[PDB]
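Take a look at this one chain, the form deposited in one PDB entry, written out in structure tokens.
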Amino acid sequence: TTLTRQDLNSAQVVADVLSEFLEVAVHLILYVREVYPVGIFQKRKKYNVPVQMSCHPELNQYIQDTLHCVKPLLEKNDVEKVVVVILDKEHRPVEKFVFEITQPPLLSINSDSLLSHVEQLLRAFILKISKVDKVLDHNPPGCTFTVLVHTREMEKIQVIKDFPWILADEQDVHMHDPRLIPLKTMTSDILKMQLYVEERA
């Protein structure tokens, strides 16, 4: 039997780990940028560091449903970026948390030491997000969020894992010469990731 990247157990485990990381990061971003009230969040522990978990079931299901669709792309190494876009009540993007991701074309079949230093890497990103409010201006009241996914290069509507996706428009993904705030860029044998924020200027 001939295997493709997605058939590798290691590719599936990494996809699981990264999808969970994105879930933790999305919850944290919503908390620190106050997209949802502090009242719905509860402090929990992840990667041995404090994080904030939404306790609103509907929001939690929405985030899981969304990220569950990114998992297969991660296994196939077809995801370039996952972006959390915060928009004001006028539907204008005010902040964009950009997670650029690159993965090797293959992973070892010798699964040993796969996630060796992964937690230290993910922890670094969470810590940066945790204090991002110190380098960003306060967002206006009534903001909402959307998640954008950029894939590796025909239907306008795509249904993945029973969840519908559509092409985003420059009407909600355009910022004229925005301020770029680097947060963290790290590399490892299984992943290279770069997180930065684009802020409306």
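So that the term is clear: the rigid core is the largest set of C-alpha atoms that superpose within 1.5 Å between two forms. Note that residue numbering follows the sequence shown and begins at 1.
Keep in mind that the form deposited in another entry is missing from the display, and what follows is about it.
Core-superposed comparison between the shown form and the other one: among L121, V98, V94, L114, the single residue whose C-alpha moves by 2 Å or more is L114. Comparing the forms between the shown form and the other one on their rigid core, the Cα displacement of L59 stays under 2 Å. Relative to the superposed core, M175 undergoes a Cα shift smaller than 2 Å between the shown form and the other one. Relative to the superposed core, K161 undergoes a C-alpha shift of no less than 2 Å between the shown form and the other one. In the other form, the Cα-Cα separation between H117 and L114 shrinks by 3 Å or more relative to the displayed conformation. In summary, the C-alpha positions of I109 and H117 converge in the other form, ending up at least 3 angstroms nearer each other than in this conformation.
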